[PDB]
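See below for the structure under consideration.
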Amino acid sequence: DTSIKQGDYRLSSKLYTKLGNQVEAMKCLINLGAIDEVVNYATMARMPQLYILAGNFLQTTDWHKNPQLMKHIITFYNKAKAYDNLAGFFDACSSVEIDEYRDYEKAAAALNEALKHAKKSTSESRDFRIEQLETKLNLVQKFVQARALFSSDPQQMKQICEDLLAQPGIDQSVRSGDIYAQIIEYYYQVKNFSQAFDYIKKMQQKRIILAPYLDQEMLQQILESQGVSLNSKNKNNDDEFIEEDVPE
Amino acid sequence: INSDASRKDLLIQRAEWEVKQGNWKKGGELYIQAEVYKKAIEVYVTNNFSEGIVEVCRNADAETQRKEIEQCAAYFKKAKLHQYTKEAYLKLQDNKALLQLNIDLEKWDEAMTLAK
Amino acid sequence: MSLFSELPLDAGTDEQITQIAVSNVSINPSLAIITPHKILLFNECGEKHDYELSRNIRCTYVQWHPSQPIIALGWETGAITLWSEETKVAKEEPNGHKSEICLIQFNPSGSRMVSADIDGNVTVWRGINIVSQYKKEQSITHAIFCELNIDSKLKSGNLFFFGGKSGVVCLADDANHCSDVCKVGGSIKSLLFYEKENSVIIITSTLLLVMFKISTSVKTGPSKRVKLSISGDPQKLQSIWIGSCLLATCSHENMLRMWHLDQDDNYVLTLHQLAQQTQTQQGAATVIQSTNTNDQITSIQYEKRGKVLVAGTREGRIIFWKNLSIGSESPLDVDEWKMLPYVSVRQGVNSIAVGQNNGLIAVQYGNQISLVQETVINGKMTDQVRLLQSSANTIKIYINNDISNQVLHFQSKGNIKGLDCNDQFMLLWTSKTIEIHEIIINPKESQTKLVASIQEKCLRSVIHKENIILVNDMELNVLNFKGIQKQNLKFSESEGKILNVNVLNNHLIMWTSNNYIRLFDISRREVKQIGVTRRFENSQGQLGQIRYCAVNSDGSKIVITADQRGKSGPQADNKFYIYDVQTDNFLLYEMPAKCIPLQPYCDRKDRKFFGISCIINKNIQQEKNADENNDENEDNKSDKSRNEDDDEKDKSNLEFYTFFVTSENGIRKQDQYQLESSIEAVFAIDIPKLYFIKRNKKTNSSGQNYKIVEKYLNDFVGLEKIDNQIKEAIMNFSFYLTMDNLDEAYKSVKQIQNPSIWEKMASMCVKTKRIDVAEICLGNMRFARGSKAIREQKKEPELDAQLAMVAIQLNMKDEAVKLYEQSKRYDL
Amino acid sequence: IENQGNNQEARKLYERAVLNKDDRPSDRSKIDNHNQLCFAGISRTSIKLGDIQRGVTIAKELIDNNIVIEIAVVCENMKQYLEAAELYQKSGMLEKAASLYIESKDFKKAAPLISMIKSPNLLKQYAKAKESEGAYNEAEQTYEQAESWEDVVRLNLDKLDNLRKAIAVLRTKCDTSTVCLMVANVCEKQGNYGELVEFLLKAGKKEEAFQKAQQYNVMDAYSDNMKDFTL
């Protein structure tokens, strides 16, 4: 306890381990900020609570770029049977994938895994969690459908994209910026600059920045087709966003 | 909070795609906004730019960003920035950092006065 | 390490040559020669075939089957012909095409083929039967079969991509589904496929390298447009794929550009190395023109089987590069590449053609033609018999006579492909015939007489007792000296194609392309297959692709060094395998990543003792050192001055390791040996001696000589005095000490005892880091001085100081210095 | 005297030394070190001479771990396996003790060892010991859990005939053609042959499956799946 107060987490953790108080040792090692010894003592201790603690600690860290970290998280949640925790981990993985890689098929697979593990859970809110997952999954799958339809059908583009955009709270599952960007890109492919610029405007009034979802060269060609400077329009849009934030 | 967070996040994202094409100083100054300390310190480590670190620490809040100034002073000490370390420690007023600097500087009279 | 044999060939035709092609069938290569009127066929010897394929209809294109001797031909009228030379059958389609053939290309499998004409018609065929037809605008220059990473049901080998001067590229299959990727435009010089990212690499006349990513239903713009800094002719620019991801480009210029995709690093090979070769060769009465190393290279070609890159200058020179990078991944810099001695040409070379048959090269300059072949240094070891294939015809024979080793120089009629011996007769096999000779050993002189010669074709011949097993890719038969066929054995097609063999005592092993391992016994008068076929497959999954295999004396233990092929990733695998016939399992030994195993060597007599050759992977260690040194390391003073550069002249990246193998504990490391740059390769391993091949750089001839070097083991140096029964006790003690079986080692040592044996025992104890047994050995020495030193030095908590004391007592100075440095002790 | 091989003299020499050093109680450190050495000597010589009980006991009360490990090595080398195994267990290193327990007829105490440690080679050797004993279901499960499931399906063929469990096994073990024909064998003894059709479709061995199905009139499912591979 004195070492904990003074910050000597290693000595306190070793003393607790030799005393059999493994949860205090895990807390001290988490406070230390080192991963390998925590994972090792989780593996030898084989306590489900320590498995959950190690899984949460690895979830806090950068599990995305290290496959070993996510492998250990999955193993810990399987050994501890923390089905809700594993479902939440898979949901977070899918959300990160959607946010910063835009790989909706991998996100759909992760949502399917999360739904399966939630269906293996026994919590009181499990069904609620399940339905939430499936709703997101459904929306993702619909967008994935459109992602295939880039080979076959324009009318199905318009119908499915408008249906997905009209759904409230879609950004919680599929970002509407990506949908608008792909609509604009398809319209440029058809070279219908009028409807492309109309959808550009529609994407503008939703107060989301065009740059993350749309290529700059795409936008500048489309705006040159209309015959208006893009810099002035961007400045006006930024000023409008600030003036809309002012009363809020 | 929510509106400020949303706007700051969007502009930091735009900062990321702009620094991908390459803009380090002008972009870094444009996207300071409020509490971008992690991205700013990553930029400064990448560019080895310590003047922005000093600007942040002198503009940092005294009662909430204490550890940030401590680690900035540690970076100054490991980079042989003696005067920046002194001013950061004077803002810190922590005996731990001052004693660490005194022992690392290999002198013993200021060690007298700080130990006393 | 290798030599290049050149054979000029007479064209024998008044008409000027237009095209040349080389067969790729692993045995018996064939050369196709296309003139404006006549079509000629040449064999491996370079003589005109009695049968001729020349026809009144003009030949405009020719192509070789990737795995079959069947040739594909296209006329000026668009008709196609499929002709088998082995059976001499021609199958010609009248309605092949309505326009002259521009290019023919085969898929890797050999089933489906794509043919194109100038009018833009592209037909995909199955064998000789038309499958699908496409009408595309403008002539398509090239079309390569593509293998996109698609689901199994959607995966098919019919998919291919084609490019042309219209700059239109589309995905097409045999089912007439043409997905027009199209895009870009202009004259696309070359198109290449990349498997990992399913990417398309485009080189055009616009001096722009285009890096497309293509999906079945997703089309995207180029990932990166690379600008090329080339002073040569853009039209003449050609690029070839080297290794996993390397790209080698030459545009009729003195500079050779190499691009690595993993880190996208570019580096240039110059011809100043040709100046170095001229300097090293203009040391005698040799007529060589002035060093004009600014010449341009007409053509560049690469061969995977030999890992050899060949470039041809327009002044009449041919330059060779060897890929020293272990593994199938591409080299990262110039240092990995090695530069081989060049071969001069009378006139400027025009065309270079490559066939995967000993790396066969067809070189055309003007109207003259020549053949180039590679001869790797090979060495055979039997009792009192050493055979060295120094050149194509020169053979060095070494006879172990106790008074003095006897050296004989034998000159053959021509080139020899393979050598073998069985301590009684020697057997050579070349492209022409097979010969058996008997060597008569006398103190005055050793004479060799030709026993017989049989004219038969086979891949590998193994002599034993009085019969020879002849093995070809799919079969193996037995022959006698007269030449009768007692029996033959076949192999199934699904197992693949046999790659290579190894033989020791009365047990022979071979491995095929599909990682299948077969074991045979020749102790019986007729060879017999032992056990059953075993795939290199573990219950968890495939362990990798076989690279090198070896078998111990009794055949119970098999050493394997394989490559896991981590899908454009880690450089093969540095952990090797040992297989036991009894347990039918592949135990895996892990060895530090700083080294990569290269080729195993099994002891002739001992079942447990064996050795492994290792290549030190410099690049990864350098990267790790650079990464680690940049962390709180600033201005380190003293004891650091040029300790890493001048020592690399004689020290190469070749190392040797010794191991004991047992079914109980598996693998244990015994000793390590450092190989100098003079040593070229490991010849053989023996209990008292180790044999190596050493280059004679001091030789003033064009071809440097090669000698056999005999070295003593670390536990046998110094003991120069009658080795008859000592080796058994030494090996038993070494094995027991590696096992740490102290009582057995003591009871084995008791029966002999000898002061030289005692000091050797102390040396093993020092090297194995055991002190009490070392004290017992020194006590048995009855050396009072060392014992007094030990008793004085026993008052030290550090055992490293005591070990250094023992080492300096037995006169090991640098080991003592290393131990002192390791113990952080300087006062002692 | 243990180097010369004279085992009997070691007993009396060590006993005399032990009595002499026990007579003197002063400076107990060197006396205790000498006692440990002499106890190790009598233990090893008694094991070599067949005096198992006294040797194993005097190995038991002694505390120095590496000496006990060496004595266990000697006694397992000579003839005595199980006693070496308990000495290994009491010396702090137990993996070889578990290996010897599964080597010997002590599976009852080896079961907890299999329970905590997850050594796959130990599991394979334990399953081999079980199949040598004759327990088909226990070795079946042991092969299931480690990785060795290729013999699981053939043992199901021989006596178990557990088709649903085998199907579950292939769906958790990444079935290949070698087991895809094991399951052809398992479905041969059903009389319906449809599951055989789907299994051989998953196999890729789609030539003899074709003729077998058309000999049994199941073209519906097999043709439905096969209309995309060859024509």
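In the structure tokens, chains take letters A, B, ... by order of appearance, with residues numbered from 1 within each chain and ligands from 1 in the order shown.
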
### Task
Output as number ranges by chain the set of chain D residues within 12 Å of chain A, with distances taken over only C-alpha atoms.
D: 116-118

#### Entry: residue 52 (chain B) surroundings by only C-alpha atoms, 10 Å radius, close-in-sequence under 3 positions cut, as an MDAnalysis selection string
chainID B and resid 25 28:29 40:41 43:44 48:49 55:58

Kindly save the residues from that selection, with N, CA, C and O atoms included, as a compact mmCIF listing (two decimals), in the first residue's frame.
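File result_22.txt, as written:
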```txt
# COMPACT_ATOMS: atom_id res chain seq x y z
N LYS B 25 4.28 23.89 -40.57
CA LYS B 25 4.31 25.07 -39.72
C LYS B 25 3.03 25.87 -39.84
O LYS B 25 2.35 26.15 -38.84
N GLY B 28 0.21 23.70 -38.70
CA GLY B 28 0.28 23.53 -37.26
C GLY B 28 -0.23 24.75 -36.51
O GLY B 28 -0.92 24.63 -35.50
N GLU B 29 0.10 25.95 -37.01
CA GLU B 29 -0.39 27.17 -36.39
C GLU B 29 -1.88 27.37 -36.64
O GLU B 29 -2.61 27.83 -35.75
N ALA B 40 -0.19 18.41 -32.00
CA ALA B 40 0.83 19.46 -32.04
C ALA B 40 2.19 18.92 -31.60
O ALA B 40 3.21 19.22 -32.23
N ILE B 41 2.22 18.14 -30.52
CA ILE B 41 3.49 17.62 -30.04
C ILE B 41 4.04 16.57 -31.00
O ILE B 41 5.26 16.47 -31.18
N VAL B 43 3.64 16.74 -34.25
CA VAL B 43 4.19 17.58 -35.31
C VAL B 43 5.55 18.14 -34.90
O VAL B 43 6.50 18.14 -35.69
N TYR B 44 5.65 18.62 -33.66
CA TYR B 44 6.90 19.23 -33.20
C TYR B 44 8.02 18.20 -33.09
O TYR B 44 9.18 18.50 -33.37
N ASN B 48 11.18 18.62 -35.15
CA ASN B 48 12.17 19.07 -34.17
C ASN B 48 12.04 20.57 -33.91
O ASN B 48 13.03 21.30 -33.78
N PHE B 49 10.79 21.04 -33.84
CA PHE B 49 10.47 22.45 -33.64
C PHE B 49 10.10 22.66 -32.18
O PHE B 49 9.04 22.21 -31.73
N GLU B 55 5.83 28.19 -26.97
CA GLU B 55 4.63 29.00 -27.10
C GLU B 55 3.44 28.32 -26.43
O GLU B 55 2.65 28.97 -25.73
N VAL B 56 3.29 27.01 -26.64
CA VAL B 56 2.19 26.28 -26.02
C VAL B 56 2.32 26.30 -24.50
O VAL B 56 1.34 26.54 -23.79
N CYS B 57 3.53 26.06 -23.99
CA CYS B 57 3.70 25.97 -22.54
C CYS B 57 3.47 27.33 -21.87
O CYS B 57 2.89 27.40 -20.79
N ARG B 58 3.92 28.41 -22.51
CA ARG B 58 3.66 29.73 -21.95
C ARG B 58 2.19 30.12 -22.10
O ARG B 58 1.67 30.90 -21.29
```

### Query
Could you work out how far CA of residue 580 (chain C) lies from CA of residue 543 (chain C), giving the answer in Å with one decimal?
15.9 Å

### Message
Based on only C-alpha atoms, which of the residues in chain B come within 12 Å of chain C? I want them as a ChimeraX atom specification.
### Response
/B:75,78-80

### Message
Using DSSP secondary structure from the backbone, list all alpha helix (DSSP H) positions within region 26-229 of chain A, as a PyMOL selection string.
### Response
chain A and resi 26-32+36-45+48-60+67-80+83-100+104-119+126-148+154-166+176-190+193-205+210-213+216-226

### Check: which chain D residues lie within 12 Å of chain C using only C-alpha atoms, as a ChimeraX atom specification
/D:1-6,44-45,48,69-78,96,99-100,120-121,124-125,128,143-144,146-151,173-176,178-179,201-202,204,225-231

### Task
Report as number ranges by chain the set of chain A residues whose atoms approach chain C to within 8 Å, with distances computed over only C-alpha atoms.
A: 148, 150-151

Using only N, CA, C and O atoms, please write the residues we just selected to a file, as a compact mmCIF listing (two decimals), in the first residue's frame.
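The resulting file, out.txt, is shown below:
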```txt
# COMPACT_ATOMS: atom_id res chain seq x y z
N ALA A 148 -21.85 -2.87 -54.56
CA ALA A 148 -21.81 -3.80 -55.68
C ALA A 148 -22.53 -3.24 -56.90
O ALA A 148 -22.06 -3.40 -58.04
N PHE A 150 -22.46 -0.70 -58.28
CA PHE A 150 -21.63 0.12 -59.15
C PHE A 150 -21.30 -0.60 -60.44
O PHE A 150 -20.64 -0.04 -61.32
N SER A 151 -21.73 -1.86 -60.58
CA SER A 151 -21.57 -2.56 -61.84
C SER A 151 -22.85 -2.61 -62.67
O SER A 151 -22.76 -2.72 -63.90
```

### Query
Quick one: residues within 10 Å of residue 91 (chain B), only C-alpha atoms counted, chain neighbours fewer than 2 positions away excluded, as a PyMOL selection string?
chain B and resi 57-58+62+66+69-70+85-89+93-94

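Residues from chain B that have an atom within 12 Å of chain A, counting only C-alpha atoms, are residues 1, 2, 3, 4, 5, 6, 7, 8, 9, 10, 11, 12, 13, 14, 15, 16, 17 and 18 of chain B.
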
### Message
Report, in Å with one decimal, the straight-line distance from CA of residue 230 (chain A) to CA of residue 32 (chain B).
### Response
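Interatomic distance here is 25.1 Å.
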
### Task
Check the DSSP output for the backbone and give back, as number ranges by chain, the residues of region 94-299 of chain C in strand (DSSP E).
C: 101-106, 112-117, 121-126, 129-135, 140-145, 160-164, 169-172, 178-182, 188-194, 199-204, 208-213, 225-227, 238-242, 246-250, 256-260, 265-269, 297-299

### Task
Please provide the set of residues having any atom within 6 Å of region 636-653 of chain C, restricted to only C-alpha atoms, with same-chain residues fewer than 6 positions apart removed, written as JSON, numbers by chain.
{"C": [615, 616, 676, 677]}

Residues at most 12 Å from region 123-126 of chain A, counting only C-alpha atoms, excluding those fewer than 6 positions away in the same chain, as an mmCIF file with C-alpha atoms, in the first residue's frame?
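Written output follows (part-v7.cif):
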```
data_model
loop_
_atom_site.group_PDB
_atom_site.id
_atom_site.type_symbol
_atom_site.label_atom_id
_atom_site.label_comp_id
_atom_site.auth_asym_id
_atom_site.auth_seq_id
_atom_site.Cartn_x
_atom_site.Cartn_y
_atom_site.Cartn_z
ATOM 1 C CA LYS A 81 -16.907 -15.805 -21.666
ATOM 2 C CA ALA A 82 -17.330 -12.006 -21.749
ATOM 3 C CA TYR A 83 -19.650 -12.170 -24.741
ATOM 4 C CA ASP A 84 -20.960 -8.624 -24.254
ATOM 5 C CA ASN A 85 -17.412 -7.257 -24.011
ATOM 6 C CA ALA A 87 -19.446 -7.870 -29.019
ATOM 7 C CA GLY A 88 -18.625 -4.312 -27.970
ATOM 8 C CA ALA A 114 -20.599 -9.100 -32.816
ATOM 9 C CA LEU A 115 -24.198 -10.199 -33.411
ATOM 10 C CA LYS A 116 -23.189 -13.860 -33.100
ATOM 11 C CA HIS A 117 -21.314 -13.250 -29.846
ATOM 12 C CA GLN A 132 -28.985 -2.417 -32.249
ATOM 13 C CA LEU A 133 -26.254 -4.432 -33.937
#
```

### Query
How many Å separate CA of residue 468 (chain C) from CA of residue 527 (chain C)?
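Atom-to-atom, CA of residue 468 (chain C) to CA of residue 527 (chain C), that is 10.0 Å.
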